[PDB]
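# Structural description and commentary
Spelled out from the first residue to the last, the chains are:
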Amino acid sequence: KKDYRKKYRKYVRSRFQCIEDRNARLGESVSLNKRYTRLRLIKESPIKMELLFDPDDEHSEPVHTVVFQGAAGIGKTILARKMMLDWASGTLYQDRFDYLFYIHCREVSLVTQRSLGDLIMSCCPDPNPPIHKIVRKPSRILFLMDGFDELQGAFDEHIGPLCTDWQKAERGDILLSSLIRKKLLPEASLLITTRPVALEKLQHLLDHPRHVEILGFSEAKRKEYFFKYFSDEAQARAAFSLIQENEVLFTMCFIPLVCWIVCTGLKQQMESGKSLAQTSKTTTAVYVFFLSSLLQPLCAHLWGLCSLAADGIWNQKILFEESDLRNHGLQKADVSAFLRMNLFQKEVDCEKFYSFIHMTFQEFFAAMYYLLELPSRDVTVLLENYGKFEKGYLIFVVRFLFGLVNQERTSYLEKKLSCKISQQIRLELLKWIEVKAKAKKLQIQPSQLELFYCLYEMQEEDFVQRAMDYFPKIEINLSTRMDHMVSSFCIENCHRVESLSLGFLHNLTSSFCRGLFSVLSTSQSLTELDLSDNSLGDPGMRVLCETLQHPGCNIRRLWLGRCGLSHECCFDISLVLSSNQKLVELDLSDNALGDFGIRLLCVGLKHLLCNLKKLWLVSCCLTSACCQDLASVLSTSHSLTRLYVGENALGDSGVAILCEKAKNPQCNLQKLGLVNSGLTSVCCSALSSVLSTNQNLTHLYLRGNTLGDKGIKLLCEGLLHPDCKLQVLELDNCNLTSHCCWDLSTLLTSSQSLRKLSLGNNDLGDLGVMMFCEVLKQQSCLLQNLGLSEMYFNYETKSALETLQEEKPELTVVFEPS
Ligand SMILES: Nc1ncnc2c1ncn2[C@@H]1O[C@H](COP(=O)(O)OP(=O)(O)OP(=O)(O)O)[C@@H](O)[C@H]1O
Ligand SMILES: CN1CCC[C@@H](Nc2nnc(-c3ccc(C(F)(F)F)cc3O)c3c2CCCC3)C1
């Protein structure tokens, strides 16, 4: 008769109309989802709200699971609620899905036992829905698991009884894992929202998820929010200008939650006829300001409220029963006031539990609890439980303590904290940083950035400049604007950093990092700067090249690996080399600095006051055409001693040019990396001439060329020369055969200066090695690796090699293949 799908869609449209879907909205007004501001979705590459489950570019495999992630306050849940409404209205996924079932993790227990009855609880008011009909058809339904990280209590991802069969009742934790791992209702779709930190215990369940990151407001969107929030444009302009003038707060308003907190504060000031003050710079300052205005007009119950929040964190409770409020002395008075001021909610949607408007407020109050004037009241215990799911990670609780524990405090809430306690905690927090900063290990504890966020909140140079002494090496990954302002602050207030690595992510090729580079240029301790493996396109390299010319720069080693630089950037690099007398080592490997780029780069290299000693030009798409300019540099540059030009097309007609100039006995070249240039035996006579005449050359790396036995013979004529000082000769797969063993054998006993001979993956022969074993015993000068790796031998040969190792300890290691 009548369909159910129409009734369910009607229910969803009627229910999902508000942003909060809760009371206490300053007079219990309706927020209206029409107020929703679109958030950008970036695939972990912009994507739409639809097409999330579609097959991708290759293999055409469908996507069952989509995972959305983002920071607290971004609006993961609002997006999920928007999807429910757009679907019910028939504009989103109107074809492929018959039902969307919204699961609110905050309301899901991991203690109780239940069947998959949430297909009933999430349905319209009718207590007996057709669960055994169309609702039971897999692939036509999508579950929305909103707030995975909000699940209260321990969550065990490794279980036996996965519990198939939706009609079977089992533990809430088992049931959630069963849906995520697709054991229950196979082929059903699933959308999960989570904080990035909580992925630690989710990655083991997802198997093959599609990851999407949720972004905050752009400048254009931030402005609209204020104008949509403040119905009077005259007041909207005032509010916008007050915030726009504060660069730090404007940046913070990136997160929807922050701009909301600020807007409410200003709205209250407007109504009361106040000056509309707003001077907050830190996260703590914003939250304190809000509560200061909210609770001052209450504060008499601050202790009880803080104890409630503290208990909720330690005993894993978000939803409070009236009995839990009464037990803290919070009843029939301030609770109503908290609802009126939109600090606390009643969850009036057919329920009688209370909650805080946001987890950051609950954690904020828990942070104050420890400092006021009952599970612990011990900071040590709190910090020891930081890296734990079971306590909610406590990221904001600790972060807020850093902000709250200060000396520059004023009236309203901030003055109700104990001084002696603040002093005791400040010492413990500093020790906490010292240990975590030193313990630079892979873990879920602070990862060299969260510590900066903590120090940022602690706006005190006396504390920050001291805490930063434990960060001699800074390795950070920056994806947003807040990351840059926080890292800039901490790096600037640091006098003991020796090296820095900046992993720029999907925000450079712009001015975004200009402020950070400016700070680095004034450091007197930074020696090594690593900017490899990120999109430092030419525009970014220009900014850096200008930065590196500062008189106080002091950077000696600069690594610019796979940055995707082109030949145009070599103009700016040349300018730096010609004036920067500090830079010693420069790595340009894997860029696209073709022959033209070298022609320009060589201008700086040949310039007076250029002190560069080690230059890497590996895999730079070079050909023999550039050998003339590189050769000129070797001839005239007395400072360049290490040159690596392998993995290029500098064939035999090219190496000959480098050799002709390197042959000159006044050339200071010590190490030459002609690794994979495609050299052939015809050029070995050029290498021979260099080895014979150039007494400075000590290391030659030829692995990857094709020399054969003829090449070895020619090299040996040079290597056996009395003036040859080569110490290390590397000969990996050079297409060698056993016919060259007589000449290699000669080197082993005739050479006086060779120390290492790394024969690698080639058909050297077992008989060849046996020859070496016998001659190596005759007072050989070889002390280092003899190679013979990546090849296989028979039993007797391997025994001989093992014997050689024991009979003549002077040889570091033989390196048998097995
Ligand atoms: N896209 C948006 N458009 C308009 N307002 C938004 C948007 N996103 C979030 N909000 C603002 O943020 C406030 C709360 O955001 P929200 O409840 O989604 O925090 P949350 O962390 O995502 O929730 P949860 O605790 O489940 O993770 C809302 O009251 C609203 O003012
Ligand atoms: C552990 N830590 C490792 C390094 C990266 C860091 N990421 C962020 N953390 N926190 C917030 C954040 C959200 C909300 C709030 C507010 F209190 F206002 F609600 C204040 C915040 O600092 C953010 C980000 C990145 C994106 C920007 C917002 C997490």
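Residues numbered from 1 in each chain as written, not as in the entry; some residues may be left out. Chains lettered and ligands numbered in written order. Heavy atoms only, no water.

### What about the overall build of the protein chain?
Threshold: Helix and strand definitions here come from DSSP, where helices need a minimum of 4 consecutive H or I residues and strands a minimum of 2 consecutive E residues; each element is numbered from the N-terminal end. Accessible area is worked out with a 1.4 Å probe on protein chains only. A residue is then buried under 20% of its type maximum, exposed over 50%, and partly exposed in between. Note that accessible areas follow from Shrake-Rupley with a 1.4 Å probe, and for residues the cover is restricted to the protein chains shown. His is not counted, nor are the chain ends, whereas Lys and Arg count as positive and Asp and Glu as negative. In this description, the location of a charge corresponds to atom NZ of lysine, CZ of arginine, CG of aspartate or CD of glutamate.
Counting secondary structure elements, the protein chain contains 31 helices and 22 strands. With respect to the principal axes defined by its C-alpha atoms, the protein chain has extents near 100 × 65 × 50 Å. Burial analysis of the protein chain (818 residues in total) assigns 55% to the buried set. Split by element, the accessible area of the protein chain, about 37,400 Å² in all, is 48% carbon and sulfur. The averaged location of the 94 negative side-chain charges in the protein chain is 7 Å from the averaged location of its 90 positive side-chain charges.

### Digging into the sheet that holds strand 4 (residues 99–104)
We count it as follows: Strand pairing is assigned whenever DSSP identifies at least 2 bridges connecting the two strands.
A sheet is described by the order of its strands in space; here seven strands give the open sequence 2-1-9-3-8-6-4, paired in mixed fashion. Of all strands in the sheet, those with a lone pairing partner are strand 2 (46–47) and strand 4, marking the two edges. One ladder, built from six bridges, connects strand 4 with strand 6 (residues 141–146); its direction is parallel. Bridging from a neighbouring strand, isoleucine 103 pairs with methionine 145 of strand 6.

### What about the site of ligand 2?
What counts, and what does not: To be near a molecule or strand, a residue needs just one of its heavy atoms within 4 Å of it. Contacts described as polar in this section are N or O atom pairs within 3.5 Å, which, within protein, must combine one atom able to donate a hydrogen with one able to accept it, while residues neighboring in sequence count only if both atoms come from side chains. Any residue that is not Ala, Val, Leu, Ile, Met, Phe, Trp, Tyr, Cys, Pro, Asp, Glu, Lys or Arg is counted as polar, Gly included; the first ten are nonpolar and the last four charged.
Near ligand 2, the surroundings consist of 13 residues, among which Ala72, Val258, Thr283, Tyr287 and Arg399 are the closest. Between ligand 2 and the protein, one listed contact pairs an oxygen atom with a side-chain N or O atom of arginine 399 at 3.0 Å. About the coverage of ligand 2: the protein hides 81% of its 600 Å² of free accessible area. Grouping the constituent residues of the shell around ligand 2 by class yields nine nonpolar, two polar and two charged.

### Considering the side chain of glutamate 363
Let me state the cut-off plainly: In what follows, salt bridge is the name for a side-chain nitrogen of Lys or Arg lying within 4 Å of a carboxyl oxygen of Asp or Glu. In this description, contact between two residues means that some pair of their heavy atoms is separated by no more than 4.5 Å.
Checked against the element boundaries, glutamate 363 lands in helix 14 (residues 359–369). Buried within the structure, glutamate 363 lacks any salt-bridge partner; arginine 195 is the closest side chain of opposite charge, at an N-O distance of 5.3 Å. The residues touching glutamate 363, leaving out its near neighbours within four places in the chain, are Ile313, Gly392, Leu394, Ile395, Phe396, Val397 and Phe400.

### Some points on helix 9 (residues 256–271)
The condition is simple: Expected helix span is computed as 1.5 Å times (number of residues minus one).
The end-to-end C-alpha separation of helix 9 is 22 Å, in line with the 22 Å expected for 16 residues at 1.5 Å each. A large share of helix 9 lies buried, amounting to 14 of its 16 residues. Remark: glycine 273 follows helix 9 within two positions and exhibits a positive phi of approximately 75°.

### As for the sheet that holds strand 20 (residues 699–701)
Within a sheet, neighbouring strands are paired by backbone hydrogen bonds and run either parallel or antiparallel to one another. Taking strand neighbours across the sheet as the criterion, the eleven strands line up as 12-13-14-15-16-17-18-19-20-21-22 in an open arrangement whose pairing is parallel. Here the strands that pair on one side only, and so sit at the sheet edges, are strand 12 (473–478) and strand 22 (756–759). Alignment of strand 19 (residues 671–672) against strand 20, held across two bridges, turns out to be parallel. By the bridge assignment, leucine 672 is partnered in strand 20 with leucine 700.

### A few points about the site of ligand 1
Around ligand 1 sit 18 residues in total, of which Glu20, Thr37, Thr77, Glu150 and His358 are the nearest. At 2.7 Å from an oxygen atom of ligand 1 is found a side-chain nitrogen or oxygen belonging to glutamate 20. Contacts to ligand 1 include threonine 37, whose backbone N or O atom sits 2.7 Å from a nitrogen atom. Protein chains shield 93% of the accessible area of ligand 1, which is 630 Å² for the free molecule. Among the elements that make up the shell around ligand 1, the one with the highest residue count is helix 2 (residues 76–88) (three residues). Partitioning the shell around ligand 1 into residue classes produces eight nonpolar, five polar and five charged.

### Some thoughts on the nonpolar core
Using the following cut-off: Each nonpolar core is a collection of buried residues, namely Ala, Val, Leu, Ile, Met, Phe, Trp, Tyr and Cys, held together in the definition by side-chain atoms within 4.5 Å.
Ranked by size, the top nonpolar core spans 286 residues in total, and within it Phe365 and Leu617 carry the most contacts. Of the residues forming this core, the biggest block, nine residues, is contributed by helix 9. Dropping the residues within four chain positions of it, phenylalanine 365 is found in contact with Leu291, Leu295, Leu302, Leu305, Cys306, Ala309, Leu343 and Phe356.

### Side note on helix 4 (residues 172–180)
An α-helix turns once every 3.6 residues. As a result, residues three or four positions apart point the same way. Along helix 4, nine of the nine residues are buried, which leaves the element largely enclosed by surrounding structure. Residues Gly172, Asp173, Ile174, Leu175, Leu176, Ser177, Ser178, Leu179 and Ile180 constitute the buried set of helix 4. Of the surrounding secondary structure, the elements contacted by the buried residues of helix 4 are strand 5 (113–114), strand 6, strand 7 (170–171), strand 8 (189–194) and helix 5 (203–206). Backbone geometry just downstream of helix 4 places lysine 182 in the positive-phi region, at approximately 60°.

### Some thoughts on the environment of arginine 136
Mapping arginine 136 onto the fold places it in the loop between helix 3 (118–121) and strand 6. The exposure class assigned to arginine 136 is partly exposed, which follows from its relative accessible area of 41%. Once the C-alpha coordinates of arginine 136 and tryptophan 166 are considered, the two residues, 30 residues apart in sequence, prove to be 9.5 Å apart.

### A short note on unusual backbone geometry
One non-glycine residue, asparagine 342, lies in positive phi territory at about 60°. One non-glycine residue, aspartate 533, lies in the positive phi region at around 55°.

### Re the pairing of strand 13 (residues 499–504)
The side chains of a regular strand alternate, residue by residue, between the two faces of the sheet. Spelled out, the test is: We call a crossover right-handed when, viewed with both strands directed away from the observer, the connection leading from the first strand over the helix to the second proceeds clockwise.
Burial within strand 13 is extensive, with five of its six residues counted as buried. What joins strand 12 to strand 13 is helix 20 (residues 481–492), and the crossover it makes is right-handed. Across three bridges, strand 13 lies against strand 14 (residues 528–530) in parallel orientation. Counterpart to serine 501 in the pairing with strand 14 is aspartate 530.

### Re the packing of aromatic side chains
Rule in force here: The pairing test for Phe, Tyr and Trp rings, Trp by its six-membered ring, is centres within 6.5 Å, and the orientation test on the planes gives stacked under 30 degrees, edge-to-face over 60, and tilted for anything in between.
Considering all chains together, one arrives at 38 aromatic pairs under this definition. Plain terms: the ring middles of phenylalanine 240 and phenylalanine 250 are 6.2 Å apart, the flat faces sit at 85° to each other, and that makes the pair edge-to-face. Remark: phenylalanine 250 occurs in helix 8 (residues 247–252) and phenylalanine 240 occurs in helix 7 (residues 233–244); sequence separation between them is ten residues. Taken individually, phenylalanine 240 and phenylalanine 250 each receive the classification buried, so the pair is uniform in this respect. An angle of 45° between the planes, with centres 6.1 Å apart, marks the rings of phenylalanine 402 and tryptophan 432 as tilted. Taken together, the residues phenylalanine 402 in helix 16 (residues 395–404) and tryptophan 432 in helix 17 (residues 419–438) connect sequence positions 30 residues apart.

### Considering the pairing of strand 21 (residues 728–731)
Bridging between strand 20 and strand 21 involves three bridges; their strand directions are parallel. Looking at the pairing, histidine 699 lines up with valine 728 of strand 21. Each parallel crossover has a hand, and for strand 20 linked through helix 28 (residues 708–719) to strand 21 it is right-handed. Pairing between strand 21 and strand 22: four bridges, direction parallel. Residue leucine 731 lies in a different strand from strand 22, and its bridge partner there is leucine 759.

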